[PDB]
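Listing of run05.csv, CSV, C-alpha atoms and all ligand atoms
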chain,number,residue,atom,x,y,z
R,1,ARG,CA,99.3,7.0,58.5
R,2,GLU,CA,96.7,7.0,56.2
R,3,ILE,CA,95.3,6.5,52.7
R,4,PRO,CA,93.1,9.2,51.3
R,5,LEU,CA,89.7,7.8,50.2
R,6,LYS,CA,90.2,8.8,46.6
R,7,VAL,CA,93.3,6.6,46.5
R,8,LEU,CA,91.9,3.5,48.3
R,9,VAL,CA,88.9,3.7,46.0
R,10,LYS,CA,91.2,3.5,42.9
R,11,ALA,CA,92.9,0.4,44.5
R,12,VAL,CA,89.7,-1.4,45.2
R,13,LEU,CA,88.6,-0.6,41.7
R,14,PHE,CA,91.7,-2.4,40.6
R,15,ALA,CA,90.8,-5.5,42.5
R,16,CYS,CA,87.2,-5.4,41.3
R,17,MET,CA,88.2,-5.1,37.7
R,18,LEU,CA,90.2,-8.3,38.2
R,19,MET,CA,87.6,-10.3,40.1
R,20,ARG,CA,85.0,-9.4,37.6
R,21,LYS,CA,87.1,-11.0,34.8
R,22,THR,CA,88.1,-14.2,36.6
R,23,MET,CA,84.5,-14.5,37.8
R,24,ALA,CA,83.0,-14.2,34.3
R,25,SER,CA,85.4,-16.9,33.2
R,26,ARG,CA,84.5,-19.3,35.9
R,27,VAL,CA,81.7,-21.9,35.4
R,28,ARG,CA,78.2,-20.6,36.0
R,29,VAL,CA,76.2,-22.6,38.6
R,30,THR,CA,72.4,-22.4,39.2
R,31,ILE,CA,71.0,-23.0,42.7
R,32,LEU,CA,67.3,-23.5,42.8
R,33,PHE,CA,65.3,-23.3,46.0
R,34,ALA,CA,61.6,-23.8,47.0
R,35,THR,CA,60.5,-23.2,50.6
R,36,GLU,CA,57.6,-22.6,52.9
R,37,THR,CA,59.3,-21.8,56.2
R,38,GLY,CA,62.6,-20.4,54.7
R,39,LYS,CA,65.1,-23.1,55.8
R,40,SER,CA,65.7,-24.2,52.2
R,41,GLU,CA,66.5,-20.7,51.0
R,42,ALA,CA,69.0,-20.2,53.9
R,43,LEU,CA,70.7,-23.4,53.0
R,44,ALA,CA,70.5,-22.4,49.3
R,45,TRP,CA,72.3,-19.1,49.9
R,46,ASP,CA,74.8,-21.1,52.0
R,47,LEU,CA,75.4,-23.3,49.0
R,48,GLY,CA,76.1,-20.2,47.1
R,49,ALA,CA,78.7,-19.0,49.6
R,50,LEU,CA,80.5,-22.3,49.4
R,51,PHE,CA,80.3,-22.4,45.6
R,52,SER,CA,81.6,-18.9,45.3
R,53,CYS,CA,85.1,-20.3,46.2
R,54,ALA,CA,85.6,-21.6,42.7
R,55,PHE,CA,82.4,-21.0,40.7
R,56,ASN,CA,79.9,-18.3,39.5
R,57,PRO,CA,76.8,-19.4,41.5
R,58,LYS,CA,73.4,-17.8,41.3
R,59,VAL,CA,70.6,-18.5,43.8
R,60,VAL,CA,67.2,-18.5,42.2
R,61,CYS,CA,63.8,-19.4,43.6
R,62,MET,CA,62.0,-22.2,41.6
R,63,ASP,CA,59.2,-19.8,40.7
R,64,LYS,CA,61.6,-17.3,39.0
R,65,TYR,CA,63.3,-19.9,36.9
R,66,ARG,CA,62.5,-20.3,33.2
R,67,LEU,CA,62.9,-23.9,32.0
R,68,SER,CA,64.4,-22.7,28.7
R,69,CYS,CA,67.5,-22.4,30.8
R,70,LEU,CA,67.8,-26.2,31.3
R,71,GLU,CA,69.2,-26.2,27.9
R,72,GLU,CA,72.2,-24.1,28.8
R,73,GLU,CA,73.1,-25.1,32.4
R,74,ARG,CA,76.5,-26.5,33.3
R,75,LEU,CA,75.5,-27.6,36.8
R,76,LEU,CA,72.1,-27.3,38.5
R,77,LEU,CA,71.7,-27.6,42.2
R,78,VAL,CA,68.4,-27.9,44.0
R,79,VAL,CA,67.5,-27.3,47.6
R,80,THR,CA,63.8,-27.8,48.6
R,81,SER,CA,61.6,-29.1,51.4
R,82,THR,CA,58.5,-31.2,51.0
R,83,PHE,CA,54.9,-30.7,52.3
R,84,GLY,CA,51.4,-32.3,52.4
R,85,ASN,CA,51.9,-35.7,50.8
R,86,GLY,CA,55.0,-35.5,48.6
R,87,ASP,CA,53.9,-32.0,47.7
R,88,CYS,CA,56.2,-29.1,46.8
R,89,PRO,CA,56.4,-25.8,48.8
R,90,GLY,CA,54.3,-22.9,47.6
R,91,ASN,CA,56.9,-21.4,45.4
R,92,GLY,CA,57.6,-24.7,43.8
R,93,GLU,CA,54.4,-25.8,42.0
R,94,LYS,CA,55.0,-23.6,38.9
R,95,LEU,CA,58.3,-25.4,38.2
R,96,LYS,CA,56.7,-28.7,39.3
R,97,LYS,CA,54.1,-28.4,36.6
R,98,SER,CA,56.8,-27.7,34.1
R,99,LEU,CA,59.6,-30.2,34.9
R,100,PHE,CA,57.1,-33.0,34.7
R,101,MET,CA,55.6,-31.9,31.5
R,102,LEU,CA,59.0,-31.6,29.9
R,103,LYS,CA,59.7,-34.8,27.9
R,104,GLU,CA,63.1,-34.0,26.4
R,105,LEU,CA,66.5,-32.4,27.3
R,106,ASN,CA,69.3,-31.9,24.7
R,107,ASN,CA,71.9,-30.5,27.1
R,108,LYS,CA,72.7,-33.4,29.5
R,109,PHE,CA,74.1,-31.0,32.1
R,110,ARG,CA,75.2,-32.0,35.6
R,111,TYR,CA,73.0,-31.8,38.6
R,112,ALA,CA,72.8,-32.6,42.4
R,113,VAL,CA,69.8,-32.4,44.7
R,114,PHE,CA,69.2,-31.8,48.4
R,115,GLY,CA,65.8,-31.8,50.1
R,116,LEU,CA,64.6,-30.7,53.5
R,117,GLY,CA,62.1,-33.0,55.2
R,118,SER,CA,60.9,-34.6,58.4
R,119,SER,CA,61.0,-38.4,59.2
R,120,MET,CA,57.5,-38.1,60.8
R,121,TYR,CA,55.9,-38.2,57.4
R,122,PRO,CA,55.8,-41.4,55.2
R,123,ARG,CA,56.7,-39.5,52.0
R,124,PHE,CA,60.2,-38.3,53.2
R,125,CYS,CA,61.8,-35.6,51.1
R,126,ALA,CA,59.4,-36.9,48.4
R,127,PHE,CA,59.4,-33.6,46.4
R,128,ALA,CA,63.2,-33.5,46.3
R,129,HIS,CA,63.2,-37.2,45.3
R,130,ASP,CA,60.6,-36.3,42.6
R,131,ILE,CA,62.8,-33.8,40.9
R,132,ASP,CA,65.9,-35.8,41.4
R,133,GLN,CA,64.4,-39.0,39.8
R,134,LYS,CA,63.0,-36.9,37.1
R,135,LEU,CA,66.3,-35.3,36.1
R,136,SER,CA,68.1,-38.6,35.7
R,137,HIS,CA,65.3,-39.9,33.5
R,138,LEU,CA,65.7,-36.7,31.4
R,139,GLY,CA,69.4,-37.6,31.0
R,140,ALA,CA,71.4,-35.4,33.3
R,141,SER,CA,74.3,-36.9,35.2
R,142,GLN,CA,73.9,-37.0,39.0
R,143,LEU,CA,76.9,-35.2,40.3
R,144,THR,CA,76.4,-36.4,43.8
R,145,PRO,CA,73.6,-38.5,45.4
R,146,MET,CA,70.5,-36.7,46.7
R,147,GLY,CA,70.9,-35.6,50.3
R,148,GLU,CA,68.2,-35.4,52.9
R,149,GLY,CA,68.2,-33.1,55.9
R,150,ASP,CA,65.8,-34.5,58.5
R,151,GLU,CA,64.2,-31.6,60.5
R,152,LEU,CA,64.4,-34.0,63.5
R,153,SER,CA,68.0,-35.3,63.1
R,154,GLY,CA,70.4,-32.5,62.3
R,155,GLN,CA,69.4,-31.0,59.0
R,156,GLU,CA,72.4,-28.6,58.8
R,157,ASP,CA,74.8,-31.3,59.6
R,158,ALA,CA,73.4,-33.3,56.7
R,159,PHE,CA,73.2,-30.2,54.4
R,160,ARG,CA,76.8,-29.1,55.1
R,161,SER,CA,77.9,-32.7,54.7
R,162,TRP,CA,76.3,-32.9,51.2
R,163,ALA,CA,77.2,-29.3,50.4
R,164,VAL,CA,80.9,-30.0,50.8
R,165,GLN,CA,80.9,-33.4,49.1
R,166,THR,CA,78.9,-32.1,46.2
R,167,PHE,CA,81.4,-29.2,45.9
R,168,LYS,CA,84.6,-31.3,45.9
R,169,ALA,CA,83.0,-33.3,43.1
R,170,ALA,CA,82.1,-30.2,41.1
R,171,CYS,CA,85.7,-29.0,41.4
R,172,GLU,CA,86.6,-32.4,39.9
R,173,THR,CA,84.3,-32.9,36.9
R,174,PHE,CA,85.0,-29.3,35.9
R,175,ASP,CA,88.8,-29.4,36.3
R,176,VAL,CA,89.3,-26.8,39.0
R,177,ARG,CA,92.9,-25.8,39.3
R,178,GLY,CA,94.2,-26.0,42.8
R,179,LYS,CA,91.2,-28.3,43.6
R,180,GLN,CA,92.4,-29.7,46.9
R,181,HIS,CA,93.7,-26.4,48.2
R,182,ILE,CA,90.7,-24.1,47.8
R,183,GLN,CA,89.9,-22.5,51.1
R,184,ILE,CA,86.2,-22.8,51.8
R,185,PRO,CA,84.2,-21.3,54.7
R,186,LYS,CA,84.8,-22.2,58.4
R,187,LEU,CA,81.4,-23.8,59.0
R,188,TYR,CA,82.1,-26.5,56.5
R,189,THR,CA,85.4,-26.9,58.4
B,1,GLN,CA,93.0,12.3,30.0
B,2,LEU,CA,95.4,11.5,32.9
B,3,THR,CA,96.7,14.4,35.0
B,4,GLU,CA,99.9,14.1,37.1
B,5,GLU,CA,97.4,14.3,40.0
B,6,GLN,CA,95.6,11.1,38.9
B,7,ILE,CA,98.8,9.3,38.0
B,8,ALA,CA,100.2,10.1,41.5
B,9,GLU,CA,97.1,8.7,43.1
B,10,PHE,CA,97.3,5.5,41.1
B,11,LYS,CA,100.9,5.2,42.3
B,12,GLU,CA,99.8,5.4,45.9
B,13,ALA,CA,97.0,3.0,45.1
B,14,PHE,CA,99.7,0.8,43.6
B,15,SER,CA,101.7,1.0,46.8
B,16,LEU,CA,98.7,-0.2,48.8
B,17,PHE,CA,99.2,-3.6,47.0
B,18,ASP,CA,103.1,-3.4,46.9
B,19,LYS,CA,103.2,-3.5,50.7
B,20,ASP,CA,106.9,-4.6,50.9
B,21,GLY,CA,107.8,-1.7,48.7
B,22,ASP,CA,109.9,-3.4,46.0
B,23,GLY,CA,108.1,-1.9,43.1
B,24,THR,CA,106.3,-5.1,42.0
B,25,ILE,CA,103.0,-6.7,43.0
B,26,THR,CA,103.2,-10.5,43.5
B,27,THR,CA,100.4,-13.1,43.2
B,28,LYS,CA,100.8,-13.3,47.0
B,29,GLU,CA,100.5,-9.5,47.6
B,30,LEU,CA,97.4,-9.5,45.3
B,31,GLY,CA,95.6,-12.3,47.1
B,32,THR,CA,96.2,-10.6,50.5
B,33,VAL,CA,94.4,-7.4,49.5
B,34,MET,CA,91.6,-9.0,47.6
B,35,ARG,CA,90.8,-11.4,50.4
B,36,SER,CA,91.0,-8.3,52.7
B,37,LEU,CA,88.3,-6.8,50.5
B,38,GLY,CA,86.2,-9.9,50.8
B,39,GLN,CA,87.1,-11.2,47.3
B,40,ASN,CA,87.9,-14.9,47.1
B,41,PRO,CA,90.1,-15.8,44.0
B,42,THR,CA,91.8,-19.2,43.9
B,43,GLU,CA,95.6,-19.4,43.6
B,44,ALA,CA,95.3,-20.3,39.9
B,45,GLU,CA,93.0,-17.3,39.4
B,46,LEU,CA,95.5,-15.1,41.2
B,47,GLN,CA,98.2,-16.0,38.7
B,48,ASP,CA,95.7,-15.3,35.9
B,49,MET,CA,95.2,-11.7,37.2
B,50,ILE,CA,99.0,-11.3,37.6
B,51,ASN,CA,99.5,-12.7,34.1
B,52,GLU,CA,96.9,-10.4,32.5
B,53,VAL,CA,98.5,-7.1,33.7
B,54,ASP,CA,102.0,-8.5,33.4
B,55,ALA,CA,103.1,-7.1,30.1
B,56,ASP,CA,106.9,-7.9,30.3
B,57,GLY,CA,105.9,-11.4,31.3
B,58,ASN,CA,108.5,-11.2,34.1
B,59,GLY,CA,106.3,-12.7,36.7
B,60,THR,CA,105.0,-9.7,38.6
B,61,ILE,CA,103.4,-6.3,38.1
B,62,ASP,CA,105.3,-3.0,38.2
B,63,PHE,CA,103.7,0.4,38.4
B,64,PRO,CA,104.0,0.9,34.7
B,65,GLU,CA,101.9,-2.2,34.0
B,66,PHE,CA,99.5,-1.0,36.6
B,67,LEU,CA,99.3,2.5,35.2
B,68,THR,CA,99.0,1.0,31.6
B,69,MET,CA,96.0,-1.0,32.7
B,70,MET,CA,94.1,1.5,34.9
B,71,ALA,CA,94.5,4.3,32.4
B,72,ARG,CA,92.9,2.1,29.7
B,73,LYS,CA,90.2,0.5,31.8
B,74,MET,CA,89.3,3.9,33.3
B,75,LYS,CA,88.4,5.5,30.0
B,76,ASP,CA,86.0,2.7,29.0
B,77,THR,CA,82.3,2.0,29.7
B,78,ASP,CA,82.7,-1.2,31.8
B,79,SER,CA,83.8,1.3,34.5
B,80,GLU,CA,80.1,1.9,35.0
B,81,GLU,CA,79.6,-1.6,36.6
B,82,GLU,CA,83.1,-1.9,37.9
B,83,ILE,CA,83.0,1.4,39.8
B,84,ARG,CA,79.7,0.2,41.2
B,85,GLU,CA,81.2,-3.1,42.2
B,86,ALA,CA,83.7,-1.0,44.0
B,87,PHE,CA,80.9,0.7,45.9
B,88,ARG,CA,79.5,-2.6,47.2
B,89,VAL,CA,82.9,-3.6,48.6
B,90,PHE,CA,82.3,-0.7,51.0
B,91,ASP,CA,78.5,-0.7,51.2
B,92,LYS,CA,78.1,-4.1,52.8
B,93,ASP,CA,74.3,-3.6,53.5
B,94,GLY,CA,73.7,-2.4,50.0
B,95,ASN,CA,71.7,0.5,51.5
B,96,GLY,CA,73.2,2.9,48.9
B,97,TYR,CA,75.3,4.6,51.6
B,98,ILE,CA,78.8,4.1,52.8
B,99,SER,CA,78.5,4.8,56.6
B,100,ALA,CA,81.4,5.5,58.9
B,101,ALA,CA,81.6,2.0,60.3
B,102,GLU,CA,81.6,0.3,56.9
B,103,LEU,CA,84.5,2.5,55.9
B,104,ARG,CA,86.1,1.5,59.3
B,105,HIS,CA,85.4,-2.1,58.7
B,106,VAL,CA,87.2,-2.2,55.3
B,107,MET,CA,90.2,-0.3,56.7
B,108,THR,CA,90.6,-2.4,59.8
B,109,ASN,CA,90.4,-5.4,57.4
B,110,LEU,CA,93.2,-3.8,55.4
B,111,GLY,CA,95.2,-3.8,58.7
B,112,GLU,CA,94.6,-0.1,59.1
B,113,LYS,CA,93.0,0.7,62.5
B,114,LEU,CA,92.2,4.4,62.7
B,115,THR,CA,90.6,6.6,65.3
B,116,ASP,CA,87.0,7.5,64.8
B,117,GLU,CA,88.1,11.0,63.9
B,118,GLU,CA,90.4,10.4,60.9
B,119,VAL,CA,87.7,8.0,59.6
B,120,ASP,CA,85.0,10.6,59.7
B,121,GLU,CA,87.2,13.0,57.8
B,122,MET,CA,88.3,10.3,55.4
B,123,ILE,CA,84.6,10.6,54.5
B,124,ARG,CA,84.0,14.3,54.3
B,125,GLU,CA,86.8,13.9,51.8
B,126,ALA,CA,84.1,13.3,49.3
B,127,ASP,CA,80.8,14.0,51.2
B,128,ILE,CA,79.1,16.4,48.8
B,129,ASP,CA,75.9,16.9,50.8
B,130,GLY,CA,77.7,16.8,54.2
B,131,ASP,CA,75.4,14.0,55.5
B,132,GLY,CA,78.5,12.3,57.0
B,133,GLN,CA,78.1,9.7,54.3
B,134,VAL,CA,79.2,8.7,50.8
B,135,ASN,CA,76.3,7.8,48.4
B,136,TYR,CA,76.9,6.3,44.9
B,137,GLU,CA,76.7,9.7,43.1
B,138,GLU,CA,79.5,11.1,45.4
B,139,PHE,CA,81.5,7.9,45.1
B,140,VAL,CA,81.5,7.9,41.3
B,141,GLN,CA,82.4,11.6,41.3
B,142,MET,CA,85.3,10.8,43.6
B,143,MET,CA,86.6,8.1,41.2
B,144,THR,CA,86.4,10.2,38.0
B,145,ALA,CA,88.2,13.4,39.1
R,201,LIG,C1,51.8,-29.4,57.2
R,201,LIG,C2,53.2,-29.8,57.1
R,201,LIG,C3,53.4,-31.0,56.2
R,201,LIG,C4,54.7,-31.6,55.9
R,201,LIG,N1,54.9,-32.8,55.1
R,201,LIG,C5,56.1,-33.3,54.8
R,201,LIG,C6,56.2,-34.4,54.1
R,201,LIG,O1,55.3,-35.1,53.4
R,201,LIG,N2,57.6,-35.0,53.9
R,201,LIG,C7,58.8,-34.4,54.5
R,201,LIG,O2,59.9,-35.0,54.2
R,201,LIG,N3,58.6,-33.3,55.2
R,201,LIG,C8,57.4,-32.7,55.5
R,201,LIG,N4,57.3,-31.5,56.4
R,201,LIG,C9,58.5,-30.9,57.0
R,201,LIG,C10,59.2,-29.9,56.1
R,201,LIG,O3,59.6,-30.5,55.0
R,201,LIG,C11,60.2,-29.3,57.0
R,201,LIG,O4,59.5,-28.6,58.1
R,201,LIG,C12,61.2,-28.3,56.4
R,201,LIG,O5,62.1,-28.0,57.5
R,201,LIG,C13,60.6,-26.8,56.1
R,201,LIG,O6,61.5,-26.4,55.1
R,201,LIG,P1,61.4,-25.0,54.5
R,201,LIG,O7,61.8,-24.1,55.5
R,201,LIG,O8,62.5,-25.0,53.5
R,201,LIG,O9,60.1,-24.8,53.7
R,201,LIG,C14,55.9,-31.0,56.6
R,201,LIG,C15,55.7,-29.7,57.5
R,201,LIG,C16,54.5,-29.1,57.8
R,201,LIG,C17,54.4,-27.9,58.7
R,202,CA,CA,105.9,-6.0,46.6
R,203,CA,CA,106.1,-7.2,35.2
R,204,CA,CA,75.9,0.9,53.6
R,205,CA,CA,76.7,12.5,51.3
Before we go any further, please render this structure as structure tokens.
Ligand SMILES: Cc1cc2nc3c(=O)[nH]c(=O)nc-3n(C[C@H](O)[C@H](O)[C@H](O)COP(=O)(O)O)c2cc1C
Ligand SMILES: [Ca+2]
Ligand SMILES: [Ca+2]
Ligand SMILES: [Ca+2]
Ligand SMILES: [Ca+2]
Amino acid sequence: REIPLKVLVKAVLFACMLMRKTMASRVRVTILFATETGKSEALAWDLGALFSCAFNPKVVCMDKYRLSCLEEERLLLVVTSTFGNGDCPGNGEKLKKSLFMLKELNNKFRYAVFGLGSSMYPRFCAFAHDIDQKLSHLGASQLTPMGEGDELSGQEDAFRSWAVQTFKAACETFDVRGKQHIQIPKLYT
Amino acid sequence: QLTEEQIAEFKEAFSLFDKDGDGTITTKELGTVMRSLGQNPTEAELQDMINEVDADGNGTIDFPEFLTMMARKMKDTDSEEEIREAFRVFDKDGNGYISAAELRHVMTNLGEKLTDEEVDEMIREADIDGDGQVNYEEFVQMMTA
């Protein structure tokens, strides 16, 4: 018993050389998040974990996202909370200004949205609804309906619920081989 | 390039995948190790990988197909990134250092539970600056000998 490090290392290099290739051949997915208290970013990186089971997801803060990209996306996923009165989180105003200025979109990509909110306020998940309504108008096809995780009534539960359903749908419109047999995380049961 | 030493290491590396010892690596034996390493390819992707290295199109990978590939991919530039992706598999915290535990973790995940001793040596097996750890520089120097 045992494997010399120099050997193991060559073996893991073998696996990595293979994952790299199947990964670059998968479909890219962009996950955008905006957040004040960090709950959206956590859910956003959770969405990435789930999407890593069939796609090439990337988690990116709304303020580091260059709109030019909208013209090349295959599937855009958005996870953001709301503040003030239908206001976006801090790191979301930059993209907010843009997305609402934007009058046209040639690449009618696919998108799904999920926003964090709190029933207490009259404008519930208003920012998430704002970007969601705006994207349909621009032409993109709503993969799955917008979800809403109520800070008061089981946010995660709702998230996970939407995370999984939005994923089974993505594996469908994108023709994912072995669709119904993909082993996803344990939290999404 | 390619010295009997390197070839022989690639054979033992090959063996790590060919657990049952029949001389071929199956789409099943591949998934097992990749998932052990925290890689999550789908069944259809597993066959892709098997199909890519499978030169005789006979359904599985023998050492020769394995050697054929590794020898080529090694002398290349992509190794840069790939070798580095190989580091991350070990360096879970991405702190730039492969600590003893991390090495333990991967091994236990590979179904290889070792005493804390043989693990600390499995490190000094490439620890240039004797800090009981493997950095990137020492890791890349260990892959390219
Ligand atoms: C001052 C303040 C104003 C808020 N306004 C709204 C609002 O108008 N609509 C809503 O749905 N949620 C509202 N919330 C709740 C956040 O959306 C919710 O706390 C969320 O969990 C924080 O998410 P984050 O961690 O991703 O930023 C508000 C919270 C605070 C502290
Ligand atoms: Ca075998
Ligand atoms: Ca073969
Ligand atoms: Ca580390
Ligand atoms: Ca060292």
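Rounded to one decimal, CA of residue 95 in chain R and CA of residue 136 in chain R lie 16.6 Å from each other.
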Exercise. Name each residue within 6 Å of ligand CA 203 (chain R), counting all atoms listed in the file, as number ranges by chain.
Key: B: 54-62
Give me, as a short mmCIF file (atom, residue, chain, number, x, y, z; two decimals) with C-alpha atoms, in the frame of the given file, the contact residues of chain B against chain R at a cut-off of 7 Å, counting all atoms listed in the file.
data_model
loop_
_atom_site.label_atom_id
_atom_site.label_comp_id
_atom_site.auth_asym_id
_atom_site.auth_seq_id
_atom_site.Cartn_x
_atom_site.Cartn_y
_atom_site.Cartn_z
CA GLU B 9 97.10 8.70 43.10
CA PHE B 10 97.30 5.50 41.10
CA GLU B 12 99.80 5.40 45.90
CA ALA B 13 97.00 3.00 45.10
CA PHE B 14 99.70 0.80 43.60
CA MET B 34 91.60 -9.00 47.60
CA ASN B 40 87.90 -14.90 47.10
CA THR B 42 91.80 -19.20 43.90
CA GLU B 43 95.60 -19.40 43.60
CA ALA B 44 95.30 -20.30 39.90
CA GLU B 45 93.00 -17.30 39.40
CA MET B 49 95.20 -11.70 37.20
CA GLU B 82 83.10 -1.90 37.90
CA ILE B 83 83.00 1.40 39.80
CA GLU B 85 81.20 -3.10 42.20
CA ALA B 86 83.70 -1.00 44.00
CA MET B 122 88.30 10.30 55.40
CA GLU B 125 86.80 13.90 51.80
CA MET B 142 85.30 10.80 43.60
CA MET B 143 86.60 8.10 41.20
#
Could I get the residue neighbourhood of ligand LIG 201 (chain R) at 9 Å, counting all atoms listed in the file, as an mmCIF file with C-alpha atoms, in the coordinates of the input?
data_model
loop_
_atom_site.group_PDB
_atom_site.id
_atom_site.type_symbol
_atom_site.label_atom_id
_atom_site.label_comp_id
_atom_site.auth_asym_id
_atom_site.auth_seq_id
_atom_site.Cartn_x
_atom_site.Cartn_y
_atom_site.Cartn_z
ATOM 1 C CA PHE R 33 65.300 -23.300 46.000
ATOM 2 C CA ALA R 34 61.600 -23.800 47.000
ATOM 3 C CA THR R 35 60.500 -23.200 50.600
ATOM 4 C CA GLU R 36 57.600 -22.600 52.900
ATOM 5 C CA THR R 37 59.300 -21.800 56.200
ATOM 6 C CA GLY R 38 62.600 -20.400 54.700
ATOM 7 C CA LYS R 39 65.100 -23.100 55.800
ATOM 8 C CA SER R 40 65.700 -24.200 52.200
ATOM 9 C CA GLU R 41 66.500 -20.700 51.000
ATOM 10 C CA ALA R 42 69.000 -20.200 53.900
ATOM 11 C CA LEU R 43 70.700 -23.400 53.000
ATOM 12 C CA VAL R 79 67.500 -27.300 47.600
ATOM 13 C CA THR R 80 63.800 -27.800 48.600
ATOM 14 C CA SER R 81 61.600 -29.100 51.400
ATOM 15 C CA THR R 82 58.500 -31.200 51.000
ATOM 16 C CA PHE R 83 54.900 -30.700 52.300
ATOM 17 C CA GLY R 84 51.400 -32.300 52.400
ATOM 18 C CA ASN R 85 51.900 -35.700 50.800
ATOM 19 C CA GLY R 86 55.000 -35.500 48.600
ATOM 20 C CA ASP R 87 53.900 -32.000 47.700
ATOM 21 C CA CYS R 88 56.200 -29.100 46.800
ATOM 22 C CA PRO R 89 56.400 -25.800 48.800
ATOM 23 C CA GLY R 90 54.300 -22.900 47.600
ATOM 24 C CA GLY R 115 65.800 -31.800 50.100
ATOM 25 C CA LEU R 116 64.600 -30.700 53.500
ATOM 26 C CA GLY R 117 62.100 -33.000 55.200
ATOM 27 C CA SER R 118 60.900 -34.600 58.400
ATOM 28 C CA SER R 119 61.000 -38.400 59.200
ATOM 29 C CA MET R 120 57.500 -38.100 60.800
ATOM 30 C CA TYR R 121 55.900 -38.200 57.400
ATOM 31 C CA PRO R 122 55.800 -41.400 55.200
ATOM 32 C CA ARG R 123 56.700 -39.500 52.000
ATOM 33 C CA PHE R 124 60.200 -38.300 53.200
ATOM 34 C CA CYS R 125 61.800 -35.600 51.100
ATOM 35 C CA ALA R 126 59.400 -36.900 48.400
ATOM 36 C CA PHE R 127 59.400 -33.600 46.400
ATOM 37 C CA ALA R 128 63.200 -33.500 46.300
ATOM 38 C CA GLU R 148 68.200 -35.400 52.900
ATOM 39 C CA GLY R 149 68.200 -33.100 55.900
ATOM 40 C CA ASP R 150 65.800 -34.500 58.500
ATOM 41 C CA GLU R 151 64.200 -31.600 60.500
ATOM 42 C CA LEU R 152 64.400 -34.000 63.500
ATOM 43 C CA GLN R 155 69.400 -31.000 59.000
#
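Among the candidate residues R:103, R:96, R:50, R:168, the one lying nearest to residue 186 in chain R is R:50, with distances computed using only C-alpha atoms.
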Practice problem: Anything within 6 Å of (82.8, -3.3, 52.5): list those residues as a VMD selection string, counting all atoms listed in the file and sticking to the file's coordinates. | Solution: chain B and resid 89 to 92 102 106
Check which residues of chain B sit at most 8 Å from ligand CA 202 (chain R) using all atoms listed in the file, and return one row each with the closest pair of atoms and their distance in Å to one decimal, ordered by chain and rising number, as CSV.
residue,atom,partner,partner_atom,distance
B:17,CA,R:CA202,CA,7.1
B:18,CA,R:CA202,CA,3.8
B:19,CA,R:CA202,CA,5.5
B:20,CA,R:CA202,CA,4.6
B:21,CA,R:CA202,CA,5.1
B:22,CA,R:CA202,CA,4.8
B:23,CA,R:CA202,CA,5.8
B:24,CA,R:CA202,CA,4.7
B:25,CA,R:CA202,CA,4.7
B:26,CA,R:CA202,CA,6.1
B:29,CA,R:CA202,CA,6.5
Exercise. Find the residues near ligand CA 204 (chain R). Use a cut-off of 10 Å, count only C-alpha atoms and all ligand atoms, and write them as a PyMOL selection string.
Key: chain B and resi 87-103+133-135
